[PDB]
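Written out below as C-alpha cells is the structure these notes cover.
Atom set for the values below is all heavy atoms of this structure, side chains included, hydrogens, waters and symmetry mates excluded. Numbered from 1 within each chain, the chains take letters A, B, ... in sequence-line order.
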Amino acid sequence: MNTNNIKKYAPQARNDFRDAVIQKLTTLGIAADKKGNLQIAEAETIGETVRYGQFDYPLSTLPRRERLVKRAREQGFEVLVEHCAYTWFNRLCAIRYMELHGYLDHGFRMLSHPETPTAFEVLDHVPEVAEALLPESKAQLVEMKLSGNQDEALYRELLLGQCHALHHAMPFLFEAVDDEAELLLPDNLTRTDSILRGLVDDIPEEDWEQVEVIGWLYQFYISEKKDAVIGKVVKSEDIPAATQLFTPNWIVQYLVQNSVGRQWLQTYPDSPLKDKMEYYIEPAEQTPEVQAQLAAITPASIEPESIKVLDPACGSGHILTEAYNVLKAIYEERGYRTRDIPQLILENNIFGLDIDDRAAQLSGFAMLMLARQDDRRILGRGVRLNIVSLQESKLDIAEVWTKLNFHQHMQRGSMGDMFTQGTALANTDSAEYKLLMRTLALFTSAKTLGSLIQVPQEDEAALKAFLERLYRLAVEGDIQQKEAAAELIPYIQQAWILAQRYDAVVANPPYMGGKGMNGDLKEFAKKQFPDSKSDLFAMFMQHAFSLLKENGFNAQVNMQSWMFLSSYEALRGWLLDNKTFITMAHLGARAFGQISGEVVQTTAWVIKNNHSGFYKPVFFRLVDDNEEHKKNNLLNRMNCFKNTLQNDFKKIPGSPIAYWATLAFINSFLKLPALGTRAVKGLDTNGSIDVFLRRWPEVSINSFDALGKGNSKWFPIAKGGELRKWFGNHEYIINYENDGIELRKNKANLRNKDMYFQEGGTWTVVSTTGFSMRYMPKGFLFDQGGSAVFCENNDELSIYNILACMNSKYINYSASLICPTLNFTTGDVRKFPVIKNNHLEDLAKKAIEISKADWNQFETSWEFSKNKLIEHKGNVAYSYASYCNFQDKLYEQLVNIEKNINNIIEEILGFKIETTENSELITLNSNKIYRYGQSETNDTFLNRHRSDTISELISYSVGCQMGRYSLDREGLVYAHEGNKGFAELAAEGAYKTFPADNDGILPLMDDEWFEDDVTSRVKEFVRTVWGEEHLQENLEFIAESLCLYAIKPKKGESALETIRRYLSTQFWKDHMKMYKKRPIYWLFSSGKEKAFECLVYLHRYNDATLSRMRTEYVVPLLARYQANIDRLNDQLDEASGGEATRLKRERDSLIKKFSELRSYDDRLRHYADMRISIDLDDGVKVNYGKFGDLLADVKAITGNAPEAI
DNA sequence: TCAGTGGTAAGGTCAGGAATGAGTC
DNA sequence: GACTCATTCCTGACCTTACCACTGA
Ligand SMILES: C[S@@+](CC[C@H](N)C(=O)[O-])C[C@H]1O[C@@H](n2cnc3c(N)ncnc32)[C@H](O)[C@@H]1O
Ligand SMILES: [Mg+2]
C-alpha cells in the first residue's frame, strides 16, 4: 500500500520531535513536574553568560527565552511542546517537498544527496548556496568548509538561512529573525541518529510527487493521540486531535462540482465546462412553474472575480484545491492569461478557517504548491492568503491602542471610533474604538467555538477598511506601530472573513456527539442552537446557511443521523420549509477508507438557500459496497431516484428522508395500527456490568433460580446477542438477591420493575444484520440491550401474533426503512405496524417449538439433556447419519412455516415486497449457512460439520468423566461448590454405568502411566456406548473425522494416537472457544514442554486440591522420570555407533522434561502451602488470576499478564 | 429539584486465512 | 535444501454499555 510508509512513520516522528523539544526545553531551565506544574529556573548572568542551573548559554539568547517563558505561562507546557514539535516537523516536510520538486533557487538538495545515502549535497556546493542565501557572510562559511571540522555548525547555519529565505514566500510557516523556535532546534543534525534520518530514508521519494502526500501526513501525525483521547469527554485542547481526517477525493469533487460548477452552468448552460466535470449531476425535469420561478432569480452574467468560496474547517485544504481547479477552468474559459490566473484565484476567490494552527500551515503550503505548479514566478510576489486559524482574544484593551497611535498617522487615535466616543453602543461601548471593542468581545473563547461565532454582516465593509490601514502600518510605521499592527492583524482578518457572505460553503465538519462535548460547548450550543445542539455536525450544518448570500449553495458530507433520528426531527422541519434539496448521495458505511467500524456512516448533499416545495431532487443509494465500488457506481449514475417531490417527505410523521420507499408501502404503513407503548426499555447497572453479570455455567446451580429451588441469588437475563429468531440467546445471569438490594445500593437504573418475571418478547437494540424478536418465558429479567415487549391485561393481540408479525419480511423491510442507524431504540420500535390474524398464532407456536428444540441440543444451554449421537445403539456412522437427518427435518419444517407466514401476510396487504438482507435466512444451528456463514458455493462444510460433531462428542465424554454428566440420568448431575455432596451422589449410584473420577483431576499425559488417563477412558466410553464388537471401526471413524478438520492428518499413526494428539493439542482451544473464555475445566500445564498437564473441574475444586495434585501426580512422575533417565545412562556405555545416537538424543529431552517438572513442582509446592479457597460468585475472570503461572493462557482469560513470585 | 423512563455514539473485538521467522533432518 | 511448528498481519463481520436527555410531581 502507498500509505503504509507514512502511516508507520508519522506518529513515531511526532514522538521523536516531542522528545527532542522536551530535552531542549529542559536544557533551557523550563520543565514540568509529574503533576504538570511549572518549574521555571532562575537565570544567573555572570561573565556575559547566562546559566540556568547546570547549563550555560551566551547572554544574547537571554531575551528570546523570556518569550518562551511567557508562552509557558499564558498557555500550558504541553501546548508549547506540541506547537514547537509540529512546527518544526511541518517546516522540514515542506523543505523536503520543495527540494524533491526543484522549487529552490540554488537547485541543490538540502536534506539529502542524490545517488549517495546519508549525505547532504548542499555541503558540496558551499560557495554557491552561501551566495544564494547568506551573501554578507559567505567567505567565513567557506573558511569553515576549509577547516574540515565543524561541519555541524555550517549545516545548521545553512538550514537556518534557507528557512529565513523561505520566510518571505510563506509568512504563515517560516519566520525571519529573532525566532524563539531556533533555540529548540535539535543538535547533531548531520549525525546518523538525528530526526532527519527517519524523514529522509523512511519514506520513498516517489511518494512526494503529488500534493496528496501532505493530506496523509495531516492525518497520520496525530493518530496515536486520537486513540488516546477518543471515547470520553474531550477537552478544548484535544478537540482537533479527535476530528482530523482526510476526505476522499471523489467525494470532494462531487461536493465542489455541484455547487460552484452548478452556479456557473445555470447562467451559461452552453459552456465547455460540463464536459470537464465528471461528477456534475443533471437536474431532473421540473414543472413549468418551478422552471419559471428558477428563471426569475438567475443572473444574466457572472464576473469571475466575484465568486466567494469558504471552507469553515479547511484542515489540509483538499476542498480548496478542488475549488481552485474548478475556478481555474472557469477563468480559462472566460479568456484570461494563463500565468495571471493563480494570483487572482488566491487573492479574491478562496477563503478558509480552522481552529488548529497545524491545519492552517498545511493548508497554506498545499495551496501555494498547487499554485506553483502553474505559475513559475510565484513565491516571489507578496501573495496574501485568506486561510487562517482562529485566535482567542486575551490581549490588553487600551495599551495596544495607545501603541498603535492611529491619530498620528492618519486619524482616529485618541477618541475617534466608528461612531462618536460617547455613544457607548450596546455593552462593549468604545474604550478605544467601537468596532475594535465589539470585534474583540466576540472572540474571548475562540479556541472552543471556532467558526460557530456569529459576526454581523453590517460591520463587514468597515472592518475591511480598518484591515487595510493595518496592512499599511506594518510596513510604514515605527517599531511600536509595527508591533501593534502585527498583533492586531489576525483578529481583524478573522472577523472580516466571518463577516463576509459567500456563494458556496463546502466543508467536512467535525463529528462529536453529546458525550464528547464539554460543558462550555454544550451550554453555548443550548443557548445558540436549540434545534441542533445534540451534535457538532448539525450545528455546522445549520450555521452554514447564515454565512450564505441569497441563492447560495451549502454542500457538505456528514453523518446520516439527521436524516432519520428523532432528535433532529425539528431540524428536518426547518429544512423542509425554508430550503431546497438539490442533490444527495447516501454513502452509508465502509466509505472513508483508512477508517474502520460502522459508527461512521455518512451522506453527501448539496442544498440551495431558497425555498421551492415542488422541486424534484436527485438521490443516489450507494450504501452496500466498499469505497471503490461506491465511486464506480456514482460515476455510472447507478441507483437513482428522481420521482419524489420535496413536500412528499412530510406525509410520514417525523418527516424522515426516506427517498427509496415505494408508494404502496407508504399507503399501507399509514393506515395500520402500531405496536404502541407495549415496548419498554430494560434495566442497567450504573458502571458495574462485570460485577453483577455472569455466564450461567460458572456458578453453582443451587443458587440458580432456573434450576434450583427455594433460595435464589442468580436470575436469567435477556441481554441481546446476535441474529436469532423465536428463541435462544439464553446465556447471561444477573445477581438479584433480596429484590436487588446490592443493585439498589449501587444506584442502578431499574427501569420498568413491575414488568419483571413476565412472559413476552425481546429484541436486540444494537445490530447491523436486521431485526429479530424472540420469545421470553416467565422468570426472566431484561437488560437495556435486550428491551422487551409485553401485552396488556386484555387486548386483541396475543404475544404469539406479535412474534409472528415481527419476524416477517414486511416488518424487516419497514425496520430497515425506519432504523438504518445501527440502533433499534424503543421509541422507534413503538411505531412498527402490527397485523391481527388467527393462523399466525399457531404458526408462531410451531416455530418457537422448533427453535427451542434446535437450541436445547448443545451443552451451552441449561436445558441440555444428552448427546444426540449416543441415542442410537447401532453404529457411529449410522448415528451421525440419523443426526444429520434430524437436523434436515428441523430445517425443512421451519422453512415451510416461515413461507406460510409470509404468504398469509402478503395476501392481506395486497402486494409483494422486495427481499432484504437476510430476509429469508433461517437462524438455526441445523442450517450450515447460518452456522458457518456464506461461502462461494454450497456443500462445502460437510467435513467441518463432521469434525465439530465428533469434537462435541469427545467434550461430552470428558464431561461424563468429570461427573458433570452421566449415562444413567439426564441433565446436569453435579454442579455444586467445593466438591460438597459428591460422595452422596456417588453412593446413590448416579454413575453406575460409567464411573466418575474420585477427585476431579484428569491427567492429560502422553502415555498410559495413569489409570485415569483421558484417552483410555474415552476408549472405555466408546466401548460402553456402542459395544465391544465394533470398537475398532468406531475408533477409526472418530480418528478420521477428527483429522478431517480439527487437526492435520499424519502419515502413519493409529486411532488412539490421533485421539491423544487431539486431546493434547486441540481440546483446550476448543473448550475455550465453546465456553467463550470462561472455562469450567481448568488446565494446569508445566510449560512449553508437555512434562505435566491436567484438567481440574471448577465445581469440584477445594483448598486441598493442589496438595493432592502434587502428592498423587507430580512426585511419582518425577520418580518415574528419574528412573527412566537412570536406565538410559547404563545402556549408553554398552552401545556404540549409530545405535546409541537415538538414546543420546532422547536423554536430552528427558533431562529437559525433568528440569521443567522440578521447577513446576517448586512453584506448585509454594502455591499449595497457602490454602487457596475461591468463591464461584466472584467469577472465572477474577478467580483465574489467583494461581500465578500454574494455569495456561492467563492473559487471554483474565486480561493481564500473570505475575511471578 | 428529584424520580422515572428513553437515546445515542469519527469504536472495539474477534475468527481466520496469509506472511515471517527460528528449530529439525 | 527443504520441512515444521509458533508468532504476527491484516481483514472483513458483528455488536456494546455508560452516561446524558426529556418530561411529570
Ligand atoms: C476532518 S477535518 C476536514 C478537513 C478537510 N475537509 C480535509 O479533508 O482535509 C475537520 C477539521 O475541522 C476542524 N475543527 C474542529 N472543530 C472546529 C470548530 N469548532 N471550528 C472550526 N474548525 C473546527 C478540525 O481542526 C479538523 O481539522
Ligand atoms: Mg483423578
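Residues meeting the ring-ring contact (aromatic ring centres under 6.0 Å, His included) test with A/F780, sequence neighbours left out: A/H730. Checked against ring-ring contact (aromatic ring centres under 6.0 Å, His included), A/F782 has the following partners two or more places apart in sequence or in another chain: A/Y756, A/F790. With sequence neighbours excluded, no residue forms a side-chain hydrogen bond (donor to acceptor under 3.5 Å, both in side chains) with A/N632. With sequence neighbours excluded, the residues satisfying ring-ring contact (aromatic ring centres under 6.0 Å, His included) with A/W216 are A/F220, A/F246. With sequence neighbours left out, A/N249 forms a side-chain hydrogen bond (donor to acceptor under 3.5 Å, both in side chains) with A/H318. With sequence neighbours left out, the side-chain hydrogen bond (donor to acceptor under 3.5 Å, both in side chains) criterion links A/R694 to no other residue. With sequence neighbours excluded, no residue forms a ring-ring contact (aromatic ring centres under 6.0 Å, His included) with A/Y9.
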Could you go over nucleotides 23-25 of chain B and give all protein N or O partners under 3.5 Å, atom names and distances?
| unit_1 | atom_1 | unit_2 | atom_2 | d |
| --- | --- | --- | --- | --- |
| B/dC25 | OP1 | A/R1145 | NH2 | 3.2 |
| B/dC25 | OP2 | A/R1145 | NH2 | 2.7 |

Between the protein and nucleotides 1-4 of chain C, list the N/O to N/O atom pairs that are separated by less than 3.5 angstrom.
none

For nucleotides 21-25 of chain C, tabulate all protein N/O to nucleotide N/O atom pairs closer than 3.5 Å, reporting atom names and distance.
| unit_1 | atom_1 | unit_2 | atom_2 | d |
| --- | --- | --- | --- | --- |
| C/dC22 | OP1 | A/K533 | NZ | 3.4 |

For nucleotides 13-16 of chain B, list the nitrogen or oxygen atoms of the protein found under 3.5 Å from its nitrogen or oxygen atoms, one pair per line.
| unit_1 | atom_1 | unit_2 | atom_2 | d |
| --- | --- | --- | --- | --- |
| B/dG16 | OP2 | A/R944 | NH2 | 2.7 |

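Near-neighbour residues of DNA chain B inside residues 226-236 of chain A, defined by a heavy atom below 4.0 Å, number-ordered: A/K226, A/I230.
An OP1 or OP2 oxygen of B/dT8 is reached within less than 4.0 angstrom by a side-chain nitrogen or oxygen of A/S567. At B/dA9, none of the side-chain N or O atoms of A/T821 fall inside 4.0 Å of OP1 or OP2 (strictly under the cut-off).
Both conditions of the stacking definition, centres under 5.5 Å apart and planes under 30° apart, are not jointly satisfied by the base rings of C/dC15 and C/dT16.
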